[PDB]
Structures are given as structure tokens and as C-alpha cells.
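Okay, structure first, notes after.
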There are 2 protein chains.
Amino acid sequence: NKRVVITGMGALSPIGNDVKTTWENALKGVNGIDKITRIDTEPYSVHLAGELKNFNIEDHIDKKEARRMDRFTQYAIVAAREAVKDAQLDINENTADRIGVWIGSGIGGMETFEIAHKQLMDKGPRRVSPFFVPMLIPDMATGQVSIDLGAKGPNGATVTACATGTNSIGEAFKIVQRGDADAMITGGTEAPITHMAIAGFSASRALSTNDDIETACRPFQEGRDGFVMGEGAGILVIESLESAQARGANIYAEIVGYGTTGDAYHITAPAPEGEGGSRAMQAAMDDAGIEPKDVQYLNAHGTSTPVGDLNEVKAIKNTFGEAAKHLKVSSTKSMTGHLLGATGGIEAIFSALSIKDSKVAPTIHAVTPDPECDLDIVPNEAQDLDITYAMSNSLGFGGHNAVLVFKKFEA
Amino acid sequence: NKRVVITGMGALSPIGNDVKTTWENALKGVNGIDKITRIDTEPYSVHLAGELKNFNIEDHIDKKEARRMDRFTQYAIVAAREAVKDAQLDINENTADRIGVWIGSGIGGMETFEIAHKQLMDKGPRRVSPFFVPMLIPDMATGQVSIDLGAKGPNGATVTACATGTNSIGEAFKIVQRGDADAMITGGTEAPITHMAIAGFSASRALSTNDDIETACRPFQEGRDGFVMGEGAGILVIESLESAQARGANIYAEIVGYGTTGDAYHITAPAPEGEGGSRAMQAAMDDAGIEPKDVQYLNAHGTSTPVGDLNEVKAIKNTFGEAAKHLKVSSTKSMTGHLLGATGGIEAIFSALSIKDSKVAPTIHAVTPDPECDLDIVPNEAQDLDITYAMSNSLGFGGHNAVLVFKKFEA
């Protein structure tokens, strides 16, 4: 059973258009949420989202070969390129067949559908673009990324809502571990800031109606009224240890555990006591061959929803027990917003970078605490911390629970 | 490596509302393709499709709960129930945690999107149903299926276009094999017969505009002009050998191999000479520990497209070699149509049932033999054949290739 290491990272987030902007800004507690500029939010009750700032796709890809990509694919391509450059992974005739792509998108090409549906309705089916289908479907990020990079190994996408990025990485992890690829370009991507997504998520009352930016998203806090939608992509290049060392690559961290469970409870509501989340955390630690004692850091799912944030704390308290007081939890979503599919990818990056730099990003807006949520939230300011094992949680709609455990590399 | 066996099957297809009907009808070369009744097809050039016949959802699910499910989820629920009943898998307090769900849908809730987007446009954002999001996204079939059955093990969905059914099963296979679950309810589902899907696929020139119900879908033959769209769901209950034997379950077949590759060539067009397809077939055989000599049957992808069908034969020829003209290949899409997400599941079923009943389903409409596609396609009439190893290919849009290898249960 081969050892799997992280050799590259790529990111586009509301707080940075590359990994170290994103990461540095994350340690300074920067706010990615702001008034929506992408759409006219007049008829809605939500006007805030974590949009990418100062981002031009034409800086990265030619116009003709971009007009044929939905934003969610655009972000994946840019982030994957960054991660491959970072790992200095050479994808060529000798290596391509064993270098795969496994990038999920929870929502897919929402904007593309809206445009093409308007067309069919308002102007007839005959004027629907021949590029509609390959722009719309969730696996098109993976397909387009593999074409762009020449990667030919195992090729897929795990679509599991908010847990999409974490599951996709986990699958890619087990693909390398079983020896079916030497390297995988993996993670999550999402472009949900659209008419239909805002109207859909607020219809189901999952979105915050707060118009003020300084408290809109406030994980684990009094007054939290749902998550704030964000966009971006979190991509990892993961390799076998053999491969990484053979080509001489720098190692960020090792991936050692992956657990996934289902609540089998409600289609949108978390299972009471966060029971599914607990079983997922336990499975990931059983995979890693560790116990709760060994985990210093946990990047929480913490979306700033009443039940979610409460149920996660309950899950953590049940699973860790005594070690719950002596455990650093952070919800980086407080800065980025909930990136949906892409959130698990970006959080895997945050987690692995936390092990490397011995730091933990804060949970900003930690103003009005909660007697129910009595965990070490690493409030408002970044703390130093020596980490050996980090956890990342993703507990999304549909009852999907996904957890990854990362480990410091030393030999 | 733990041995993984198929204990249950469930199916909804254009040629039957359960496995027995579907399979029996399949061995008689029944035509599932007929004029579309789902929607007014007047402004389009395509008027045929493989719709479910005499299927009412209220026979299976109460109207109040069905109204909150897109057809693709409705199909997944009904087929999963059948496979569970078939396997007599009991999901309870002691088992649920180790029984997972992994059901993919390549397209998800196309109809739900069309309805909600229309309301958003000509009425307003506040008239959008609160059930829109959980009806729309692709992982909701897995979410709703696990809730309905109480299954709580690994929870996910592999979305890879036409290869969705096959990849999903491959993932579930690997989950049991690594011992992360005792059983998995897995497969593909799809409800693609919608305005936006017909307009989308014809715009990209992938659908036949043929009206002749008896020649619309002619896999591998002379006049083929694209695929014919179908709906349905193909669900398997797969289990560890130890588990199936402990609870006393009848075994259909064993899953022994799984390969997945990426073309890294074109978004819709197959890699030249089906090179990616060949690597996927080789990977699955390497996984299974067999050579091309050992395969008696291969359920081909064969969607009735010029380039696709030709490139698959090329892939088969390149990979099997001498054994190529001693291989029994067949494309069951000739009868069901191309079910997209569901097709991988429906074909895994056919492949496994082919090993059990030692009978191969035919490729109907094999009227005009194309000189380039010179394979043993089991023309028009079902043949008898002893099978030890069966292959199922799925090579779809986005450059995704997925191959499973099944094996007659030994001991």
C-alpha cells in the first residue's frame, strides 16, 4: 500500500487568485465576501457573495478558447495549471498514461444552462450553442483539465454537493494508494454566483439574508443565519512517494486517511448529534491508523448555519471526547464563504499548508460566541501551532460526509 | 483484496420496468425506441427516444414524495429497491453503517431546472420551489436512495457523462475490495428526455434525426448517424464474499476488474483509434489478472455514431489482437438506446446476467454491415454462449473511459 504525498497546490478564491495570496490573506483574516457584482441582485434578499477579485480569464486563456467554458471549468483549468507548475510535474508521452485527473464540481455550469435555456425559450431550439452540453455537465472540468494538461490516467469526478472537493481528493488518494496512478490532479471547483443558484438556495432558506459584510458569515456565532455563497477552485497534485522522490519534488504533506459516510436522514438537514460526521471522522482516523489524541488541527465544515455548526460541534465532541478541549478547530469559510464543491479542495490546501508552516488560519467574525459551540475556534486571529496530523471536514447536503487526514512528512 | 460479488439487480429501461422483463425482452431483440410522448417534439429534428413504457411513479412512491423528486431520482429509488429486495439485503441498526450507496447520474435534474428557471423568469425568484436544489443536483439520487433504504456506509456519486454508470460501480467495487463497506448499492440513473437535452445534443450533432423507428439506432452498421437517447436506471447490490455467504445470498457473478483512463484529446470526439479505450480495457484486465484470451463476451459501448463505433472496434482490435475475431461483442443500446448515466448500470446487469444464463444479448438492426466494423456483433438474434469472463465498456464525452470485468462465481 503506497504512500501518497502532496507535491503541488493551485487555488482561485475570494481572498486570492493563487495559493500564496489566498494563504497569506487567510492568515491576516481577510474578508472575501462583498456586494454581488456578477448579477443584478435587485429582486433577491441576498446581495453578498465571495467573488474572485480582479480576475480576468483572458490573462490565462485565449478568448475563443474560453467562451467555450463555463466559469467552473475556467477556474479548474487555471488552478490545475498552477498546481502542476508548483509540483513541476512533467506530463509527457512517458508519464501521461499514469497521471490522472479527478476534479469534482457540486453544481456545474449553472450560468451556461441559464443562457441556453433563455435562448431555447425566447428564440427557439435551433439557436442553442453546439457547445452547451460540454459547457454544462459537472465532469467537464475534469475532461477539459485533462485535455489542457495531457493527463491520461484514471479520469473522473465525485459529485457530492458541499463534500465534492473532499471526496474527489479522497478517491484520487485511494487511486494512487492502490497503485493505479503515479500522480493525480484533483480537487473541487465551483461557480454558483448565478440567478438560479441564489434563488434556489434562498428558497430553501440555506442562505444568509444579512446585508452587512462584517457579520454576514459568522461560523459558530450567535445570529448566524445560513452560509454565504462563494466561488473558486482548490486543486492538488498528489503523487506516490516513489514518484515524487524519483523526479525530485518538494513535499507539502502526506495524505494518510479518508472516510466517507451517509446520514440516511434528511436531504438537507444534518443528522442529529452529527452522527454521520462522527462516523466519517472515525473512519478517516481508522484509515490513518491514528486516534483523536493525534489530531492537533481540524479544518471544520462550519458553514455558519444554525443546525450545521451546532451538529458539527456535537460530532467533534462525540468523536474526540477528552481531546476536544485540546484540539484546534478553524472554519476558514468565515473568510472565503462556502465555496460548495470547491470548498473541500481549498480546505485541503489550508490543512496541508497548516502542517507545513505550523500555523492555523482564524475563524473571522468570531464576535458573538455560543454556549452550545464551546470549542477552540481559533477566533479572529491566526495562531501559531505545531501540527503533525490535520483533519478536514465536509458535511454537505444530501447527507454526504467526507473527511481527510493529512500528515507531516519526515520520512 | 476482498472478493466482491453481485447479489442484487434492479432496473428501469425502455424494454422493461424490472430486471426480468428487461432481460427477457433483451433476449428477444425488442425495440425500446419509439416516438417521444414526454414532450412536444415539433420544433426539433429528433422525434425518437427510449422511454419507459407503462410506468407510473405513483405505483411505487406516494405522490407527495414523488413530486419532490426529479425523474432521474425517481428511477434510482425504484431500481435500488428492486436490487435490495432481490439481494434480500437487510438494512438495520447493526448493518446500515457498512452498507453504502454510490449511484451516478451524468445529467441530473434537467426537467427540474427547466421548470424552476421558467418560473424565475416569467414570475420571479420568490416563486422558485424550496425543493429545487435537492431535486436538481446529481448526487441527490444517491442521497434520496440512502435515506429511502437507511444505508449509511460510504456515500457518493461518480459523474463522468456516458461512463457514469460504469465508474460508479467501479468505485463501489474498490470500496468493498479495500474493505470500507460490506455492501454497496451502486449504478447509474438518467432522465435526459427534456427540451434542453434534446436541443443540446442535436445542436452538438450527436443525435440521429432519423424517424424510421426500426433504423434510428443501428450500432456498428452502415447508415449510423448518432445515438438515440434513452432513460432508466441500472442498480447493483454488490457485497464482499464473506458477507454474502454469512447472510446466505444467491450470487450472480463476481466483479474482478476495473479500469479507467482519460483520452486527453477532445471534449466530444474519441481519441484516435480508441487509444484511451484500449488503455482502459487493458487496465481492467490487468486488474482482473487476465489476458484478452480469457474474455468471451464484451458488452460494447457502441452508441451508433460514425466515429465512436469505428474507434471502439479499433480499440477492441488493438487490445485483443488475434482473439478479436473469437470474441463475442454486442451492443445492447440497439434495443434500449443510449441511457447516458444509466447505461453503465444497465450493461453491468446484462454482462452479469450473460455469465449466469450463458446467453448473449444481440445487436438488433444489424441490417447493413459496415466493412470497417468487422466484429462478431451477435447480429439481430440472441445467441447461446458459455462465458467465464465478461467485459463492459463505457467510453463517453469528456474523454472518460471506464471498463469493468465480471467473472462467473467459483467458490
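Starting from 1 in every chain, residues are counted up; chains themselves are A, B, ... following the order of the C-alpha cells, and ligands are numbered from 1 as listed.
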Mind checking DSSP for stretch 235-375 of chain A and telling me the alpha helix (DSSP H) residues as a PyMOL selection string?
chain A and resi 241-247+275-288+306-320+333-336+343-357
Can you list, as a PyMOL selection string, every residue of stretch 279-365 of chain B that DSSP puts in strand (DSSP E or B)?
chain B and resi 297-299+328-330+338+359-360+363
Name the residues in contact with residue A:315 at a cut-off of 12 Å, using only C-alpha atoms, excluding same-chain residues fewer than 3 positions from it; report them as a VMD selection string.
chain A and resid 270 to 282 300 to 302 307 to 312 318 to 321 324 373 375 393 395 401
Using only C-alpha atoms, pick whichever of B:322, B:381, B:239, B:287 has the shortest atom-to-atom distance to chain A.
B:287
Give me the residues near stretch 35-41 of chain B as a list in words, where near means some atom within 8 Å (using only C-alpha atoms) and where sequence neighbours in that chain fewer than 4 positions away do not count.
residues 45, 46, 47, 48, 49, 51, 193, 194, 195 and 213 of chain B
Any chance you can output those residues with C-alpha atoms as an mmCIF file, in the first residue's frame?
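Saved to out_25.cif:
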data_model
loop_
_atom_site.group_PDB
_atom_site.id
_atom_site.type_symbol
_atom_site.label_atom_id
_atom_site.label_comp_id
_atom_site.auth_asym_id
_atom_site.auth_seq_id
_atom_site.Cartn_x
_atom_site.Cartn_y
_atom_site.Cartn_z
ATOM 1 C CA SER B 45 -35.337 17.341 -35.700
ATOM 2 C CA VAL B 46 -35.270 14.363 -33.324
ATOM 3 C CA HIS B 47 -38.581 12.653 -32.571
ATOM 4 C CA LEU B 48 -37.493 9.245 -31.248
ATOM 5 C CA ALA B 49 -36.260 8.085 -27.826
ATOM 6 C CA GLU B 51 -38.881 5.978 -22.913
ATOM 7 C CA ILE B 193 -35.681 13.282 -22.331
ATOM 8 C CA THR B 194 -36.161 17.040 -21.919
ATOM 9 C CA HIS B 195 -36.357 20.153 -24.109
ATOM 10 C CA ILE B 213 -38.160 3.637 -35.647
#
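Shortest separation to chain B among A:92, A:343, A:129, A:330 occurs at residue A:129, atoms counted being only C-alpha atoms.
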Spatial neighbours of residue B:215, 10 Å, only C-alpha atoms, chain gap at least 3 places, as an MDAnalysis selection string:
chainID B and resid 33 210:212 218:219 221 223:224 334 364:367
Dump as a compact mmCIF listing (two decimals), in the first residue's frame, selection limited to N, CA, C and O atoms:
# COMPACT_ATOMS: atom_id res chain seq x y z
N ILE B 33 -37.06 1.90 -28.67
CA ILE B 33 -37.14 3.20 -29.33
C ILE B 33 -38.52 3.42 -29.96
O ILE B 33 -39.03 2.54 -30.66
N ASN B 210 -33.10 10.76 -37.68
CA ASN B 210 -33.84 9.67 -38.30
C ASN B 210 -35.18 9.45 -37.62
O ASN B 210 -35.28 9.50 -36.39
N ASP B 211 -36.22 9.22 -38.42
CA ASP B 211 -37.58 8.99 -37.90
C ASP B 211 -37.99 7.53 -38.00
O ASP B 211 -38.98 7.12 -37.39
N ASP B 212 -37.25 6.76 -38.80
CA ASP B 212 -37.55 5.35 -39.01
C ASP B 212 -37.23 4.54 -37.75
O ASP B 212 -36.09 4.11 -37.55
N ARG B 218 -28.67 2.09 -35.20
CA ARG B 218 -28.01 0.98 -35.87
C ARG B 218 -26.54 0.94 -35.46
O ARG B 218 -25.69 1.40 -36.22
N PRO B 219 -26.25 0.40 -34.26
CA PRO B 219 -24.85 0.33 -33.83
C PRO B 219 -23.99 -0.45 -34.82
O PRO B 219 -24.44 -1.47 -35.36
N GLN B 221 -23.31 -0.38 -37.78
CA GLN B 221 -23.75 -0.59 -39.16
C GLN B 221 -23.50 0.62 -40.07
O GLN B 221 -22.97 1.64 -39.64
N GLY B 223 -25.47 2.93 -42.04
CA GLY B 223 -26.13 4.24 -42.02
C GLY B 223 -26.14 5.03 -40.72
O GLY B 223 -26.74 6.11 -40.66
N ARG B 224 -25.47 4.51 -39.69
CA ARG B 224 -25.48 5.13 -38.35
C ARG B 224 -25.19 6.64 -38.38
O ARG B 224 -24.21 7.07 -39.00
N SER B 334 -28.70 -0.96 -28.97
CA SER B 334 -29.55 -1.18 -30.15
C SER B 334 -31.02 -1.35 -29.78
O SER B 334 -31.91 -1.04 -30.57
N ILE B 364 -29.48 -5.56 -32.34
CA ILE B 364 -30.57 -5.52 -33.31
C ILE B 364 -30.36 -4.42 -34.35
O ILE B 364 -29.60 -3.46 -34.12
N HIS B 365 -31.04 -4.57 -35.49
CA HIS B 365 -30.93 -3.64 -36.61
C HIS B 365 -29.59 -3.78 -37.34
O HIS B 365 -29.17 -2.86 -38.04
N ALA B 366 -28.95 -4.93 -37.17
CA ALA B 366 -27.67 -5.22 -37.82
C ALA B 366 -27.89 -5.55 -39.31
O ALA B 366 -27.42 -6.57 -39.82
N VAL B 367 -28.61 -4.65 -39.97
CA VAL B 367 -29.01 -4.77 -41.37
C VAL B 367 -27.84 -4.61 -42.34
O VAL B 367 -27.59 -5.50 -43.16
Check which residues of stretch 61-155 of chain A sit at most 9 Å from stretch 337-341 of chain A using only C-alpha atoms, and return one row each with the closest pair of atoms and their distance in Å to one decimal, ordered by chain and rising number, as JSON lines.
{"residue": "A:104", "atom": "CA", "partner": "A:341", "partner_atom": "CA", "distance": 6.7}
{"residue": "A:105", "atom": "CA", "partner": "A:341", "partner_atom": "CA", "distance": 5.0}
{"residue": "A:106", "atom": "CA", "partner": "A:341", "partner_atom": "CA", "distance": 4.4}
{"residue": "A:107", "atom": "CA", "partner": "A:341", "partner_atom": "CA", "distance": 7.1}
{"residue": "A:108", "atom": "CA", "partner": "A:341", "partner_atom": "CA", "distance": 9.0}
Would you tabulate, counting only C-alpha atoms, all residues of chain A that have an atom at most 6 Å from an atom of chain B, showing the closest pair of atoms and their distance in Å to one decimal, sorted by chain then ascending number, as JSON lines?
{"residue": "A:125", "atom": "CA", "partner": "B:199", "partner_atom": "CA", "distance": 5.5}
{"residue": "A:130", "atom": "CA", "partner": "B:204", "partner_atom": "CA", "distance": 4.1}
{"residue": "A:133", "atom": "CA", "partner": "B:200", "partner_atom": "CA", "distance": 5.8}
{"residue": "A:139", "atom": "CA", "partner": "B:160", "partner_atom": "CA", "distance": 5.4}
{"residue": "A:143", "atom": "CA", "partner": "B:398", "partner_atom": "CA", "distance": 4.6}
{"residue": "A:146", "atom": "CA", "partner": "B:264", "partner_atom": "CA", "distance": 5.1}
{"residue": "A:147", "atom": "CA", "partner": "B:264", "partner_atom": "CA", "distance": 4.0}
{"residue": "A:150", "atom": "CA", "partner": "B:264", "partner_atom": "CA", "distance": 5.2}
{"residue": "A:152", "atom": "CA", "partner": "B:262", "partner_atom": "CA", "distance": 4.4}
{"residue": "A:153", "atom": "CA", "partner": "B:261", "partner_atom": "CA", "distance": 5.0}
{"residue": "A:154", "atom": "CA", "partner": "B:261", "partner_atom": "CA", "distance": 4.4}
{"residue": "A:155", "atom": "CA", "partner": "B:262", "partner_atom": "CA", "distance": 5.0}
{"residue": "A:156", "atom": "CA", "partner": "B:160", "partner_atom": "CA", "distance": 5.8}
{"residue": "A:157", "atom": "CA", "partner": "B:159", "partner_atom": "CA", "distance": 5.5}
{"residue": "A:158", "atom": "CA", "partner": "B:158", "partner_atom": "CA", "distance": 4.6}
{"residue": "A:159", "atom": "CA", "partner": "B:157", "partner_atom": "CA", "distance": 5.5}
{"residue": "A:160", "atom": "CA", "partner": "B:139", "partner_atom": "CA", "distance": 5.3}
{"residue": "A:199", "atom": "CA", "partner": "B:125", "partner_atom": "CA", "distance": 5.4}
{"residue": "A:200", "atom": "CA", "partner": "B:133", "partner_atom": "CA", "distance": 5.8}
{"residue": "A:203", "atom": "CA", "partner": "B:130", "partner_atom": "CA", "distance": 4.5}
{"residue": "A:204", "atom": "CA", "partner": "B:130", "partner_atom": "CA", "distance": 4.1}
{"residue": "A:260", "atom": "CA", "partner": "B:154", "partner_atom": "CA", "distance": 4.9}
{"residue": "A:261", "atom": "CA", "partner": "B:154", "partner_atom": "CA", "distance": 4.4}
{"residue": "A:262", "atom": "CA", "partner": "B:152", "partner_atom": "CA", "distance": 4.6}
{"residue": "A:263", "atom": "CA", "partner": "B:152", "partner_atom": "CA", "distance": 5.9}
{"residue": "A:264", "atom": "CA", "partner": "B:147", "partner_atom": "CA", "distance": 3.9}
{"residue": "A:265", "atom": "CA", "partner": "B:147", "partner_atom": "CA", "distance": 5.5}
{"residue": "A:398", "atom": "CA", "partner": "B:143", "partner_atom": "CA", "distance": 4.6}
{"residue": "A:400", "atom": "CA", "partner": "B:155", "partner_atom": "CA", "distance": 5.8}
Emit the selected residues as an mmCIF file, in the first residue's frame, including N, CA and C atoms.
data_model
loop_
_atom_site.group_PDB
_atom_site.id
_atom_site.type_symbol
_atom_site.label_atom_id
_atom_site.label_comp_id
_atom_site.auth_asym_id
_atom_site.auth_seq_id
_atom_site.Cartn_x
_atom_site.Cartn_y
_atom_site.Cartn_z
ATOM 1 N N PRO A 125 -35.141 26.349 -30.258
ATOM 2 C CA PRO A 125 -34.050 25.385 -30.052
ATOM 3 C C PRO A 125 -32.910 25.467 -31.072
ATOM 4 N N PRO A 130 -23.896 24.652 -29.971
ATOM 5 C CA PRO A 130 -23.352 23.290 -30.013
ATOM 6 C C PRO A 130 -22.334 22.995 -28.906
ATOM 7 N N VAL A 133 -23.749 21.456 -24.101
ATOM 8 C CA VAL A 133 -23.589 20.230 -23.309
ATOM 9 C C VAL A 133 -22.189 20.088 -22.683
ATOM 10 N N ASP A 139 -18.626 16.928 -15.064
ATOM 11 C CA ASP A 139 -17.375 16.237 -15.383
ATOM 12 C C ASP A 139 -16.554 16.966 -16.443
ATOM 13 N N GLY A 143 -12.624 16.732 -17.672
ATOM 14 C CA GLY A 143 -12.337 16.493 -19.088
ATOM 15 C C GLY A 143 -11.474 17.572 -19.717
ATOM 16 N N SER A 146 -7.879 17.648 -18.168
ATOM 17 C CA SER A 146 -7.030 16.589 -18.712
ATOM 18 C C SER A 146 -6.574 16.905 -20.136
ATOM 19 N N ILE A 147 -7.465 17.468 -20.954
ATOM 20 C CA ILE A 147 -7.109 17.885 -22.323
ATOM 21 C C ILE A 147 -6.041 18.972 -22.297
ATOM 22 N N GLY A 150 -2.794 17.236 -20.857
ATOM 23 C CA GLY A 150 -2.362 15.987 -21.484
ATOM 24 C C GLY A 150 -2.356 14.795 -20.537
ATOM 25 N N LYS A 152 -3.580 11.501 -18.796
ATOM 26 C CA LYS A 152 -4.326 10.365 -19.355
ATOM 27 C C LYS A 152 -4.634 9.211 -18.392
ATOM 28 N N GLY A 153 -4.219 9.327 -17.134
ATOM 29 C CA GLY A 153 -4.506 8.285 -16.141
ATOM 30 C C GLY A 153 -5.978 8.233 -15.764
ATOM 31 N N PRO A 154 -6.303 7.577 -14.631
ATOM 32 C CA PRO A 154 -7.696 7.498 -14.197
ATOM 33 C C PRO A 154 -8.358 8.879 -14.266
ATOM 34 N N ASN A 155 -9.579 8.919 -14.784
ATOM 35 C CA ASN A 155 -10.234 10.176 -15.118
ATOM 36 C C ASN A 155 -11.681 10.189 -14.644
ATOM 37 N N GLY A 156 -11.977 11.012 -13.641
ATOM 38 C CA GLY A 156 -13.326 11.057 -13.081
ATOM 39 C C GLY A 156 -13.681 12.308 -12.307
ATOM 40 N N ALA A 157 -14.801 12.246 -11.600
ATOM 41 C CA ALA A 157 -15.305 13.367 -10.817
ATOM 42 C C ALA A 157 -16.274 12.816 -9.797
ATOM 43 N N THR A 158 -16.069 13.157 -8.530
ATOM 44 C CA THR A 158 -17.012 12.750 -7.500
ATOM 45 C C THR A 158 -17.891 13.934 -7.152
ATOM 46 N N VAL A 159 -19.183 13.799 -7.426
ATOM 47 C CA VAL A 159 -20.129 14.880 -7.186
ATOM 48 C C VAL A 159 -20.964 14.557 -5.954
ATOM 49 N N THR A 160 -20.714 15.296 -4.875
ATOM 50 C CA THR A 160 -21.382 15.062 -3.592
ATOM 51 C C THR A 160 -21.651 16.372 -2.858
ATOM 52 N N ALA A 199 -31.442 32.148 -6.125
ATOM 53 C CA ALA A 199 -32.886 31.977 -5.997
ATOM 54 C C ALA A 199 -33.253 30.593 -5.472
ATOM 55 N N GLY A 200 -32.435 29.597 -5.804
ATOM 56 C CA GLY A 200 -32.658 28.229 -5.349
ATOM 57 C C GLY A 200 -32.267 28.008 -3.901
ATOM 58 N N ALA A 203 -34.531 30.003 -1.510
ATOM 59 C CA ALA A 203 -35.851 29.383 -1.477
ATOM 60 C C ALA A 203 -35.880 28.310 -0.395
ATOM 61 N N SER A 204 -34.788 27.554 -0.298
ATOM 62 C CA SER A 204 -34.640 26.506 0.710
ATOM 63 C C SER A 204 -34.084 27.041 2.033
ATOM 64 N N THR A 260 -15.692 8.298 4.422
ATOM 65 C CA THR A 260 -16.923 8.831 3.853
ATOM 66 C C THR A 260 -18.112 8.026 4.367
ATOM 67 N N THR A 261 -19.169 8.723 4.767
ATOM 68 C CA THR A 261 -20.376 8.068 5.258
ATOM 69 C C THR A 261 -21.608 8.777 4.715
ATOM 70 N N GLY A 262 -22.775 8.186 4.948
ATOM 71 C CA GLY A 262 -24.041 8.831 4.631
ATOM 72 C C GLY A 262 -24.889 8.930 5.882
ATOM 73 N N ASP A 263 -25.622 10.032 6.025
ATOM 74 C CA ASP A 263 -26.537 10.201 7.155
ATOM 75 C C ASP A 263 -27.753 9.290 7.050
ATOM 76 N N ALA A 264 -28.262 9.121 5.825
ATOM 77 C CA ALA A 264 -29.532 8.422 5.571
ATOM 78 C C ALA A 264 -30.657 8.997 6.429
ATOM 79 N N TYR A 265 -30.661 10.322 6.560
ATOM 80 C CA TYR A 265 -31.587 11.013 7.449
ATOM 81 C C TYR A 265 -32.504 12.001 6.721
ATOM 82 N N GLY A 398 -27.623 16.419 1.180
ATOM 83 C CA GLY A 398 -27.739 15.061 0.666
ATOM 84 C C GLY A 398 -27.187 14.012 1.615
ATOM 85 N N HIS A 400 -24.065 13.578 2.650
ATOM 86 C CA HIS A 400 -22.710 13.134 2.322
ATOM 87 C C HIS A 400 -21.699 13.651 3.332
#
Using only C-alpha atoms, determine which residues lie at most 7 Å from residue A:344, disregarding the query and same-chain residues fewer than 4 positions distant; provide the list as number ranges by chain.
A: 163-166, 188, 348, 394
Suppose we keep N, CA and C atoms; can you now write the selection as a compact mmCIF listing (two decimals), in the first residue's frame?
# COMPACT_ATOMS: atom_id res chain seq x y z
N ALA A 163 -19.47 18.34 -0.18
CA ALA A 163 -18.37 17.42 0.08
C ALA A 163 -17.61 17.02 -1.19
N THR A 164 -17.98 17.62 -2.32
CA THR A 164 -17.40 17.28 -3.62
C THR A 164 -15.87 17.33 -3.66
N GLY A 165 -15.29 18.42 -3.18
CA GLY A 165 -13.83 18.60 -3.20
C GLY A 165 -13.08 17.59 -2.35
N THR A 166 -13.66 17.24 -1.21
CA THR A 166 -13.05 16.31 -0.27
C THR A 166 -13.13 14.87 -0.76
N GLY A 188 -11.73 20.37 -6.12
CA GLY A 188 -13.07 20.90 -6.34
C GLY A 188 -13.06 22.26 -7.00
N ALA A 348 -8.33 21.49 1.89
CA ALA A 348 -7.24 20.51 1.88
C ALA A 348 -5.90 21.24 1.76
N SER A 394 -16.04 17.79 5.60
CA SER A 394 -17.02 18.23 4.61
C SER A 394 -18.31 17.45 4.83
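For residue A:258, the non-local neighbours within 6 Å, defined as residues at least 2 positions apart in the same chain or in other chains and counting only C-alpha atoms, are residues 170, 284, 403 and 404 of chain A.
Shortest atom-to-atom contact with residue A:305 among A:357, A:111, A:62, A:225: A:225, counting only C-alpha atoms.
You will find atom CA of residue A:89 at 16.2 Å from atom CA of residue A:172.
Among the candidates A:217, A:290, A:176, A:236, the residue lying nearest to residue A:10 is A:236 (atoms considered: only C-alpha atoms).
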